[PDB]
Each structure stands twice: as structure tokens, then as C-alpha cells.
Amino acid sequence: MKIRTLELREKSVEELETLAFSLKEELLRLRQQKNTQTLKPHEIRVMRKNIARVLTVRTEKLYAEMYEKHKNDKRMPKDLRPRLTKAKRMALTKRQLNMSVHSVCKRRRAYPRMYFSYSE
Amino acid sequence: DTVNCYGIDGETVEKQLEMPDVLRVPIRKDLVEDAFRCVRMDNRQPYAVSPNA
Amino acid sequence: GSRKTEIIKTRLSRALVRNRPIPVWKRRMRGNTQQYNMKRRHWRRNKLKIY
Amino acid sequence: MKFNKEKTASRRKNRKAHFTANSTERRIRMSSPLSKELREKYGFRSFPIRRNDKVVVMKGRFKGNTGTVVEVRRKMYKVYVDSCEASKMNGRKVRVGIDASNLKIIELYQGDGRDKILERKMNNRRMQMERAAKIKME
Amino acid sequence: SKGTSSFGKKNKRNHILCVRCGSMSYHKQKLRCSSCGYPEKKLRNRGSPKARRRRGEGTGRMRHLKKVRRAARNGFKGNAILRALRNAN
RNA sequence: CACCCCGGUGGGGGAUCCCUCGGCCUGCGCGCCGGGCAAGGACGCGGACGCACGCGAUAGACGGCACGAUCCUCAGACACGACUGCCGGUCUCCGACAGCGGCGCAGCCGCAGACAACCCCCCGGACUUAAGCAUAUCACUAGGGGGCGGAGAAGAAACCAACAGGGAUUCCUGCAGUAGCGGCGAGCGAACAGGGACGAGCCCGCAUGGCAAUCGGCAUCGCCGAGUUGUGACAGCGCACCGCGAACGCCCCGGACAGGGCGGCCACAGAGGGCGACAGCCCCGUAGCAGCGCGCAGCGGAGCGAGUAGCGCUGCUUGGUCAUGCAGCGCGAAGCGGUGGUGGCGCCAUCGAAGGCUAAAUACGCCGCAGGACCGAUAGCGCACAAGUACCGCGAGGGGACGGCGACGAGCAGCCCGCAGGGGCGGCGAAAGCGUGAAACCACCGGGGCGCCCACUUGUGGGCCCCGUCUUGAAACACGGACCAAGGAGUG
RNA sequence: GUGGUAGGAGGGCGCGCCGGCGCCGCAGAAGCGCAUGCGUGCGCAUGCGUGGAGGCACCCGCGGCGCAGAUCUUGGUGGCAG
Ligand SMILES: [Mg+2]
Ligand SMILES: [Mg+2]
Ligand SMILES: [Mg+2]
Ligand SMILES: [Mg+2]
Ligand SMILES: [Mg+2]
Ligand SMILES: [Mg+2]
Ligand SMILES: [Mg+2]
Ligand SMILES: [Mg+2]
Ligand SMILES: [Mg+2]
Ligand SMILES: [Mg+2]
Ligand SMILES: [Mg+2]
Ligand SMILES: [Mg+2]
Ligand SMILES: [Mg+2]
Ligand SMILES: [Mg+2]
Ligand SMILES: [Mg+2]
Ligand SMILES: [Mg+2]
Ligand SMILES: [Mg+2]
Ligand SMILES: [Mg+2]
Ligand SMILES: [Mg+2]
Ligand SMILES: [Mg+2]
Ligand SMILES: [Mg+2]
Ligand SMILES: [Mg+2]
Ligand SMILES: [Mg+2]
Ligand SMILES: [Mg+2]
Ligand SMILES: [Mg+2]
Ligand SMILES: [Mg+2]
Ligand SMILES: [Mg+2]
Ligand SMILES: [Mg+2]
Ligand SMILES: [Mg+2]
Ligand SMILES: [Mg+2]
Ligand SMILES: [Mg+2]
Ligand SMILES: [Mg+2]
Ligand SMILES: [Mg+2]
Ligand SMILES: [Mg+2]
Ligand SMILES: [Mg+2]
Ligand SMILES: [Mg+2]
Ligand SMILES: [Mg+2]
Ligand SMILES: [Mg+2]
Ligand SMILES: [Mg+2]
Ligand SMILES: [Mg+2]
Ligand SMILES: [Mg+2]
Ligand SMILES: [Zn+2]
């Protein structure tokens, strides 16, 4: 947690792409020092994890950006649709299940639900 | 044979009831044991080994 | 046998790096009930099925 | 009796829940009673023990000793109090592990936001006592 | 002849690594795995009642299924970043 | 001297007992896979990392939120959030294509693969029972193939009935081990009722003709397409959902109090677990306490089902009997037809097939949860342990064994000897030193010499062949038995 | 009055657990070893040693309830055999 997420929200998506490449370089210099010399035990750990932290903030900013790009799209990208289940994505909608023929509409309209109470 | 009904004071007799005829029934100790044996195995839950075991 | 496919050598390398004792710092960990690696494999006694 | 069917009275599941408790639950299970001087201020019965807590030992060999908590270890459930020690052979003094139930907190540490956590339990206890007072009023 | 002498000639290896199931059961001549039946599309009908216990579903990592159990438990709310964006509009 | 027997000490081994983060069973809940790349696999990923488990090049905690001080073997990390929890990201590669299919289709989609308990469709045994056996039985099972779903299938009468008539399906009870089938042998074997659970009903087709009023797609209010070989209709949903929870002191014993004794206290809490012995009051807990909203609009209604029904033949099936069902083939309908335990014909009675949908009651494994007159490490799952692991098999596959110090605070290496393993004096601890430590067996020591029964003055006499078993008959030159522990067979 | 195979019957002993009921246990439970006693017998009780946390008796109820054998099963160990 050497690189904090608070600073990564300020950077842009392509600015996080360059940061992950720059942090990958420093990890290669750390893996050099681990082989040749000693290192503090979690230096490779920390630099590996803030590469992941930069890339996560990159992904989280990119999901937010791509959603507002293709929000009012006819077909949104599959990334931005909710991954329910293949069966649940192929389910009929509640509007489609409520679809009934004209005779069922007229009958429910002409004979609606009654609210009543009985007593003997 | 009349029984007292006590208050929560525990000493004052409030009513004096007659004994109900249930409590004057001569006890058949064998019959209460025979019924207790079958009543005890009303909540008897099953046990078995696994059929593959 | 000095001629092998890419899959054979990767499986042979994975069998080789696996075949090592418990690192000695693990014997000082609490709750470490393992004293020696019981899954050690010797090349003459135990065969690998890498064909 | 326990009338909640969804909680276990099972010994096996309660014992497994104790030894495979996670670290958040193991902190709660390592609670310790307060003194009466702390309970007049805070009100709650006990609180989870922490490092730098002043503690009087209530049971065991060190019973009646006072000292600060210098080490809590959640796995194996042991609180190590300053001035509750035993020597090794090489003269090295080791703190002796005491269960948290055998310790009573004399002075609560309040440094690392713990005064917030004490006041959160204190206020929720005070608020829940107000609801039970109104319900018994009605 | 029949026994100890004939075992010296057993230096062919007929069943090699299957690319689908990873057992050493893919035959070279037959070009079919004896365990899982690759390259048939459906899995081979397992030859024993215990073979499902060794090789079936749940005996592996269940990488997608453990995720979809966790999403189903929470109500399939899905991606946490996109969840707040659909909630705002 | 050896040998044998008995005891003591020490071995040997792991029985017993006590324990149990495990199993088993029952109930309930859930019932959610997949080109958005599944199941499964391969290969990689930890600072020191083999196994296990976790994970995917964002590779041994990446983000958000909650939590709030430790994690630990070393080194280190940590309020700029340790350890955690919940959810989400990332999620290599092999493994679902000679792909197949839908839609005018700039293109957009679907199918495949997994799951195999439950359910639906097809295929379909034999052992077995009949004291043989062939039909029968096992069994319309096992098994194989295909296919779904959270249930499925079924389902709104071409039904039951013969009454004073009932009224979808499914399930329960019951009819009923009955009618009946059956080398009428073995055996098999339903239905209507009556009672109940649960309840629910609907639709397409022959829709206007003063104009397809209908739909799909798009780069969208306009094109293009479908379509007259005929398109056409909205009543149901959603959110919220806590944190706190009462009450104990002294004395004794002890390594330690939860024990004993005395005295209290709380209880809508005396369920259970932890804590150095057995705790209502030490801890975790336990009893106890909290809801709501938003919706429903219109325009046809007599439409009707053919290579079918039925008949004939055949094969299968069924309790179904001069045919119950199903199929194939031949024949092939009607305006009235079907049916009436099932020969034909006639009556009378009762329904309307050959098109479609339909909740609930019903079934069920994994998994989650909760229980139990279950089992307690040779038991219980194969697995309480690095178990579908080690290991074996070319392969399909096969498949074990192994639990326990203590207050997880101490439990060491001081001195002498030995190259060393170690030994001896010591050391820690209440003790054990990975609980208890039976027997077989063994070492040494001590005592004694029938293998047993009887008798007594204990070494003599008298009596005794090896048990089990089958057998007319066993000491048998009948068979099984080296020893010991544990397990081990009339149950449901 | 007194034998007894196959066999039937009765009454008890013993084991795991149950509903009760009397109790016991760190001042030492079960288990185990050796003794003594009781008992026709199944078996029971005690003493001492060990052990270190549970157990006993009786009445009830449930039963996977009693072993010398099965070329029994599993484990251990002998003789053979230095
Ligand atoms: Mg080679
Ligand atoms: Mg070899
Ligand atoms: Mg050859
Ligand atoms: Mg060949
Ligand atoms: Mg001896
Ligand atoms: Mg054993
Ligand atoms: Mg279950
Ligand atoms: Mg994937
Ligand atoms: Mg993180
Ligand atoms: Mg399929
Ligand atoms: Mg059979
Ligand atoms: Mg026969
Ligand atoms: Mg026979
Ligand atoms: Mg025969
Ligand atoms: Mg499904
Ligand atoms: Mg259906
Ligand atoms: Mg039959
Ligand atoms: Mg129409
Ligand atoms: Mg409390
Ligand atoms: Mg026909
Ligand atoms: Mg008619
Ligand atoms: Mg009739
Ligand atoms: Mg119809
Ligand atoms: Mg044992
Ligand atoms: Mg076992
Ligand atoms: Mg062989
Ligand atoms: Mg021992
Ligand atoms: Mg005879
Ligand atoms: Mg003879
Ligand atoms: Mg004999
Ligand atoms: Mg002879
Ligand atoms: Mg023999
Ligand atoms: Mg036995
Ligand atoms: Mg006699
Ligand atoms: Mg007899
Ligand atoms: Mg007993
Ligand atoms: Mg007894
Ligand atoms: Mg038995
Ligand atoms: Mg025996
Ligand atoms: Mg015998
Ligand atoms: Mg031998
Ligand atoms: Zn394969």
C-alpha cells in the first residue's frame, strides 16, 4: 500500500497505463536486487500489489467511463450488461410474461378483481 | 376430600374446591407404564447407517 | 530421453521443482505438524507417468 | 432456554466455531470484564481486550497482579500481561499467556480510536436501554 | 519367456496425456482418450460409480461456479462499479 | 546348565477407557452452469515455499464497504488501517466448429459442453423366483442413449358412471393384496368412489374491408422488411429490515477452581460453548426487543382440429380378461362422432378426440442450516490426519494406512566420558514429557517344577488322550486351529 | 424328585445408550495390574499400585448386546532361528 488509491483516482486512464508500465519497470529493478543483493522481504510484494492497484483503478475508471459512453446505446457492450446467468439473460421479461391475448384482457377488464368480505 | 386454593400469599385459603374425579381414579400402574412406553417413542428420531457403508 | 516434446519437458520440470524437502523455516511455524515431505519422489523407486 | 431454532446449542458446532473462529470474532471472544469504576462510566459489562490495557489478573497463578497488556494473540486465545512472567533456562523472561476471561480491565486504553469504539458501545447501550424503558413504560 | 523376459520389451507407451482431461489415457493409435473420451464432444460415460467422485463436477476448482454461487446469494447485483451507476439512473 | 510356570521391574505392542473441529441419519432451506468461454484439466503465481490449500501475468487480500490492532518461523508489515468479513474486479492455456440453425441480414442472435439425485422420452437385460425349465418372474427394473427444470411431468373430459348422478391434473387416505391376469403354476395386480391436501382456469384456428387496424430491423418518427399462401392485443411488481443484552464474593483443597463449604445475586436470560477440574452471575452467547409502498389501459368472438379416428393384421405392453395401452403396415371415415371392464349388433346414457398453455398441493442429490434414544478412530463416509491422497494398473479403473504432553508459561545443556549416536550426575514441571498403556511376547531378578481335577501333612496317590465339527461312531492315520488383542453371525 | 445331544421353556448375569431415581469424583473417575472376599454359575465387591476426568447403582426403555473356532477379518507377536 505504498501507492495509495487516493492518488490513483485523480489520474486519468491513460495516465494509469503509463504508471503501470513505470511500476512494472521498478519491479524488474527490484527483482534484480533480490537476485544480486538482499532486499526487505516485502518490497517485491508491495511493488507487485501496487501494480495491481493501479490496474484496478484503471479498470474501475474504465468501467465507469465506458458505461456513460454506451449508456443510451441500442446494444450495450456485454461488459456493461449485468452478468446474471445465461438462463437469466435469456429469460422472458416480466412484460413479456404478462402478455395475454385480447380475450383475456377483455375478461379481466370487464370482470375485475372484487374486494369483499363474507359473514354469516 | 376437599382441597384449598391458595393465594400467591401462599397461606390464605381463597376457595375450597372438591377433588375432581380424575384424581380419585384408582391407579393401574401397569397401564400407565404401558402407555409411557409408547408415548416415549413418539419423538424417536430415526438412525441408520449409510446404504453404501 | 534427450528427445522430448514441449509438454513432456514442462511436466518433467514441474515434477523436478516439486521434488524438494520442506524448507527449514517451516519447521519453526506454529501448527506445523509436518516434519519431512512425505511426497518426496526418488527417480528409481517412484515412477512419474510422463510419456 | 434458547427459543431460536436457527442458532445451535450443539456442542460440536459451538466448539468448531470457537477454534475456527476468524480474527474478527476472535477479538470479541477475547473480551474481559471491566472494573466497577469503569462500569459506572461506560456501563457495559465487558469489552474486548487490547494491548496497553491495564489489567488485574483474577484467576490462576498470577492472581492479584496488575500490569499492562503487552501482547494479545488471537490464535491460541492468549493475553500476555506485563509483570506476569516466567523465566526460561537461559535467563530469558517470557510473558505467560493468560486467558482473557481471567483478566479484569482496570484502565481502558483510549489511544488509537478506541475511545470512539468504547463510546459507540456505550451509546448503543444507552439508546437500547431507552427503548426498553419506553416499552416497559407502555 | 511369457513373463519376466517379455517385460523387457514393454518400452512403448500407448496412452499419453489427454489435452482435455489431463490423465495419461489418450491413446496414440486410437486417437481417443480412454478416460474422458476426447475427441468426442460429450464426456465419456464414466466406467464406475466412484469415477464421478474422482473426476466429476466439484472435484476441481469450480472457478466460475463459486463466483455464481456468491452472486446468487447476494441477488446477482453484479459489477460493483456499474451497480452504483445503474442506481443513480 | 537349559526348559517351563508364577510374581516384580524393564521391554514389546497398541487393546481398554476417557476424549472428538469427524461421520451417519432426519427435517428444513436453497435449487443459481455454459462463446460474458462452462465442468474438468494443463501450466504458472509466496522474500525465504515442498505438500496441502488459495490464486491467475492485477497470479498467496487488487478495489469498495464494514471491522479496529495485531500478523509472525525469520525478516518485516501496521491507524496513510494489522488480522479479518462481505461483495466486486482481474481471471493464462487446453477443453464446447469440417460446425449447425434463425432473422433481409450494412448486421444481430441461438444450438453445441457440463450436471445424471429428482423428472420426461426412447432402447432394454440377465442373475434371480418358479425347488428343473422354455411362457411367466426378476422387470416395462438394472443399464445405455437423449432431454429439461427448480421442480418436472400431468392437467381443464371424445372422463367417471348407471345414481336422487358426479366433474381438470397431481398427492395422501382408501377401495385392495380386491376385481382380475397367470405353465390359473410361481407369482402378479389396478380403477371409480367415500375422506382429505391443494385448488384455477384458459387459448390458437374462419377477426376489418369505408383500406393490416399487426410485427421485425435500423444509421428511427422515416426508411427497409415480414405479412393477404392472413398479421393483430398489459396486470403486476418493489424497497426497508438493528445492536445492545441481567447477575459473585469470601474460605478450603489443588499446578490451576468451574470443586467443597458459607453467604448473596440475576433471570422474558438455569440453551449451549469457552475459560489451567464440573460456571446462570468470568467470557462468547442465551431470553428479549424494528417495517412498508407503487401499479392495472383497447376494438374480433359458433372458432374445431384427416392419411387422423376407426377397422384389419402384426409386434410390444398392461391387472385389462374374444384386447388395456403403444407402434408399424393395409384399409380409410363422418356430419354427427367417441365411449359405456371393453365379442358382434341394437338401445339408452354420457362425453366431443385427432391443436396449445396452465400455478398449488408432489419428488429430490450436491450444498447450507438445524436436530438426533445414531457411531465414537478396526466404529462412523473410502477419508476425524498433506484422502480420492500415497500407491497400483497399458487401460477402463482400483485405492489404503495414520487422532491425543502441558497452564502453547517452563521443558535445558551445566559438569564428567564418548568421533558420534549418546551415557551418567544434574535441569524444568503437579505429573505427563506426541493421554491411558491390557494381552501375545521378551530381558533380568526372585520363587517354584503335574497340563488339569480330587485328597491331604506339596509331592505323592487316584482320575484324566485334542478342542471345535460333520458323523452310526473321533484321541483319531477325519477336517479347521502358531499365539494374542480387537472385530465378528436369526436382524429390519 | 434330581443324567442328558438335537430341541423347547423359565429366571438371572453382562454390554452400548434412553427416560427417571439415589449417589460418587482432582482429598483422584473410568480403565488397567496384582491381591483378598463373595458367588453353584454367569459374575460382583473391596484393598494396594497405576491412572488423571469422569463414573456408579437400581428402575425403565431402545439395541449393531456377550466368541476359542468360520483355510474368520484386521493388527500385533512368537517358535522356527542367529
Ligand atoms: Mg522419451
Ligand atoms: Mg526400475
Ligand atoms: Mg515390441
Ligand atoms: Mg500401438
Ligand atoms: Mg513372567
Ligand atoms: Mg490403530
Ligand atoms: Mg442431508
Ligand atoms: Mg475462464
Ligand atoms: Mg485489499
Ligand atoms: Mg447437451
Ligand atoms: Mg437379486
Ligand atoms: Mg429356477
Ligand atoms: Mg433352486
Ligand atoms: Mg438351472
Ligand atoms: Mg438449470
Ligand atoms: Mg409443466
Ligand atoms: Mg409386473
Ligand atoms: Mg389471427
Ligand atoms: Mg451479557
Ligand atoms: Mg394408423
Ligand atoms: Mg351418442
Ligand atoms: Mg359395463
Ligand atoms: Mg383440447
Ligand atoms: Mg482406540
Ligand atoms: Mg476408518
Ligand atoms: Mg500386471
Ligand atoms: Mg504413553
Ligand atoms: Mg447324530
Ligand atoms: Mg463316516
Ligand atoms: Mg472330536
Ligand atoms: Mg486310525
Ligand atoms: Mg492346520
Ligand atoms: Mg470381542
Ligand atoms: Mg437336569
Ligand atoms: Mg442343549
Ligand atoms: Mg457402565
Ligand atoms: Mg454392574
Ligand atoms: Mg453384532
Ligand atoms: Mg478370538
Ligand atoms: Mg464354538
Ligand atoms: Mg515370524
Ligand atoms: Zn481425456
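Residues numbered from 1 in each chain as written, not as in the entry; some residues may be left out. Chains lettered and ligands numbered in written order. Part of a larger assembly, values for the part shown. Heavy atoms only, no water.

- The PDB entry lists chain E under the name eL37, from Paranosema locustae.

- Going by the annotation in the PDB entry, the name recorded for chain C is eL39, with Paranosema locustae given as the source organism.

### Here's the deal with the overall build of chain C
Logical step 1: Within chain C, the secondary structure is distributed over one helix and zero strands.
Logical step 2: Relative to the 2.2 N^0.38 estimate, which gives 10 Å for 51 residues, the radius of gyration of chain C is 15 Å and therefore markedly larger than a compact globule would have.
Logical step 3: By its C-alpha atoms, chain C is 45 × 20 × 15 Å across when sized along the principal axes.
Logical step 4: Out of the 51 residues in chain C, the part that is buried amounts to 8%.
Logical step 5: With an accessible surface of roughly 5,200 Å², chain C has 52% of that area assigned to carbon and sulfur atoms. (Helix = DSSP H or I, 4+ residues; strand = E, 2+ residues; numbered from the N terminus. Rg over C-alpha atoms; globule rule 2.2 N^0.38 Å. Buried < 20%, exposed > 50% of the residue type's maximum accessible area, 1.4 Å probe, protein only. Areas by Shrake-Rupley, 256 points an atom, 1.4 Å probe, with all protein chains shown as cover.)

### So, the protein's contact with RNA strand G
All names here are of chain B.
Logical step 1: With respect to spatial proximity, the complete set of residues near RNA strand G consists of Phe-36, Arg-37, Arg-40, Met-41, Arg-44 and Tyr-47.
Logical step 2: Taking all atoms of RNA strand G within 4 Å of the protein, the share assigned to sugar and phosphate is 100%.
Logical step 3: One of the side-chain nitrogen or oxygen atoms of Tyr-47 is found 2.9 Å away from a phosphate oxygen of RNA strand G. (Near = heavy atom within 4 Å. Polar contact = N/O pair within 3.5 Å; in protein donor to acceptor, adjacent residues only side chain to side chain.)

### Quick notes on the arrangement of the chains
Logical step 1: Sorting the three pairs of chains in contact by contact count puts chains A and E at the top.
Logical step 2: For the non-touching pair chain B and chain E, the nearest C-alpha separation works out to 11 Å. (Contact = heavy atoms within 4.5 Å.)

### Re a positive patch on the surface
Logical step 1: A cluster of basic residues, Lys-74, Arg-75, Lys-78, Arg-81, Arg-83, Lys-86 and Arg-89 of chain A together with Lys-67, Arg-70 and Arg-73 of chain E, forms a positive patch at the surface.
Logical step 2: Counting only elements with at least two residues in the positive patch, the list comes to α4 (86–89) of chain A together with α2 (63–74) of chain E.
Logical step 3: The element contributing the most residues to the positive patch is α2 of chain E, with three residues.
Logical step 4: Mapped onto the elements, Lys-86 of chain A comes out in helix α4. (Patch = residues over 30% accessible without salt bridge, like charges linked within 9 Å, V, L, I, M, F, W, Y side chains within 5 Å. Salt bridge = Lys/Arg side-chain N within 4 Å of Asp/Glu carboxyl O. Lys, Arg positive; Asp, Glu negative; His and termini not counted. Charge placed at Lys NZ, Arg CZ, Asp CG, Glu CD.)

### Some thoughts on the pairing of strand β6 (residues 93–98) of chain D
All names here are of chain D.
Logical step 1: Note that strand β5 (residues 78–87) and β6 share five bridges and pair antiparallel. Bridging across to β6, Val-79 finds its partner in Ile-98.
Logical step 2: The antiparallel hairpin formed by β5 and β6 contains five residues in its connecting segment, where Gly-91 sits at a positive phi of about 80°. (Pairing = 2+ DSSP bridges.)

### Here we look at the interface of chain A and chain E
Logical step 1: In this complex, chain A contributes 12 residues to the contact, which on the side of chain E involves eight residues.
Logical step 2: Between chain A and chain E, roughly 900 Å² of surface is buried when both sides are summed, and carbon and sulfur atoms account for 67% of that area.
Logical step 3: Between the two partners, chain A and chain E, sit zero salt bridges.
Logical step 4: Counting the contacts that link chain A with chain E gives one residue pair in polar contact.
Logical step 5: Top element by residues in the side of chain A that touches chain E is helix α3 (residues 43–69) of chain A. It accounts for four residues. (Buried area = accessible area lost by both parts, 1.4 Å probe.)

### Digging into the packing of helix α2 (residues 13–36) of chain A against α3 of chain A
Residues and elements named next belong to chain A.
Logical step 1: Axis separation between α2 and α3 bottoms out at 9 Å; the angle between their running directions is 165°. The pairing of α2 with α3 is recorded here as roughly antiparallel in orientation. Both α2 and α3 take part in a crossing whose hand is left-handed.
Logical step 2: For the contact of α2 with α3, a count of residues per class yields 14 nonpolar, one polar and 10 charged. (Axes fitted to C-alpha atoms, helices over the stretch in contact; angles between N-to-C directions. Parallel < 35°, antiparallel > 145°, perpendicular 65-115°, else oblique. Left-handed = near helix turned anticlockwise from the far one by under 90°. Nonpolar A, V, L, I, M, F, W, Y, C, P; charged D, E, K, R; others polar.)

### Considerations on the pattern of salt bridges
All names here are of chain D.
Logical step 1: Tallied over the entire structure, the rule returns 13 salt bridges over all chains.
Logical step 2: For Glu-25, the salt bridge goes to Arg-29, with nearest N and O atoms at 3.2 Å. Residue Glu-25 and its partner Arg-29 are both found in helix α2 (residues 23–29); the two are separated by four residues, about one turn of the helix.
Logical step 3: With its nearest N and O atoms 3.2 Å apart, the salt bridge here joins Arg-95 to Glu-85. Separated by 10 residues along the polypeptide, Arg-95 in strand β6 and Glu-85 in strand β5 bring together distant segments of the chain.
Logical step 4: Take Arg-95: its relative accessible area is 33%, and that puts it in the partly exposed class.

### Describing the interface of chain C and chain E
Logical step 1: In this complex, chain C contributes four residues to the contact, which on the side of chain E involves five residues.
Logical step 2: Of the roughly 440 Å² buried between chain C and chain E on both sides combined, carbon and sulfur atoms contribute 76%.
Logical step 3: One can count zero salt bridges joining chain C with chain E.
Logical step 4: Taken together, the residues that form the side of chain C that touches chain E break down as two nonpolar, no polar and two charged.

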